[PDB]
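S.K.: Residues in the sequence shown are numbered consecutively from 171, following the deposited numbering.
Here a beta-carbon is modelled for each residue, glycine too, at the ideal position from N, C-alpha and C.
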Amino acid sequence: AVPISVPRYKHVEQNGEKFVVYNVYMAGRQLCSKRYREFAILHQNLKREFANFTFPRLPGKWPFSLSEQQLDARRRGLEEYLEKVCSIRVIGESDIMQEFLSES
Numbered sequence: 171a172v173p174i175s176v177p178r179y180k181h182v183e184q185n186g187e188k189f190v191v192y193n194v195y196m197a198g199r200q201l202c203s204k205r206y207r208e209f210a211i212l213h214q215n216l217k218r219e220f221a222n223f224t225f226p227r228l229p230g231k232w233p234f235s236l237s238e239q240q241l242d243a244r245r246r247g248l249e250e251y252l253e254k255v256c257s258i259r260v261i262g263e264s265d266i267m268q269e270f271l272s273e274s
């Protein structure tokens with residue numbers, strides 16, 4: 171397993187919208203800060219590019235607004251997802267993942 175982690179989530183404000191971002195680290199160094207919907211897009215993109223793999227489930231949506239505890243659970247689930255997919259070299263090194271794990 172590669173040393174990928176998502177040790178923090180944060181409530182942010184930007185362009186007038188309030189939302190949550192998840193801060194992704196590799197070997198203790200921060201790579202990106204991204205909202206859940208960007209992870210959902212990453213998942214779709216990876217599945218289409220790596221069409222012959224069967225990907226693990228991304229943490230899912232809920233029928234209600236998330237509590238703090240659920241934000242923390244979502245964070246943990248996103249970390250578990252990244253631990254799995256990033257530990258596969260062709261996926262971990264893909265242009266898709268390298269773009270995701272960076273700041274514009």
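Within 8 Å, do at least three Cβ pairs link the region 174 to 190 to the region 241 to 258?
M.R.: Contact holds: three or more Cβ-Cβ distances are below 8 Å.
S.K.: If you follow the alpha helix (DSSP H) that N193 is part of, which residue opens it and which one closes it?
M.R.: No alpha helix (DSSP H) contains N193, which is instead part of the beta strand (DSSP E) from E187 to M196.
S.K.: With DSSP collapsed to three states, give me the class of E183.
M.R.: In the structure shown, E183 sits in a strand (DSSP, three-state: E or B).
S.K.: Closest by CA to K188, which one among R199, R205 and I266?
M.R.: Comparing Cα positions, the closest option is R205.
S.K.: Assuming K254 is part of the beta strand (DSSP E), what are its boundary residues?
M.R.: Unbroken run through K254 is the alpha helix (DSSP H), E238 to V255; no beta strand (DSSP E).
S.K.: Contact check, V190 vs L216 under 8 Å by CB: the rounded distance?
M.R.: No, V190 and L216 are not in contact; Cβ-Cβ is about 22 Å, not under 8 Å.
S.K.: Which one of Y192, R207, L212 and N193 has the shortest CA to CA distance from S264?
M.R.: For the residues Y192, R207, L212 and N193, the minimum Cα distance to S264 belongs to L212.
S.K.: At the level of alpha carbons, what is the spacing between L271 and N193?
M.R.: Each residue's Cα considered, the two are about 10 Å apart.
S.K.: Measuring only the C-alpha atoms, how far is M267 from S235?
M.R.: Spanning the two alpha carbons is a distance of roughly 28 Å.
S.K.: What residues in its chain sit with their C-beta under 7 Å from that of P173, if we drop five residues either side in the sequence?
M.R.: The answer, listed in chain order, is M196 and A197.
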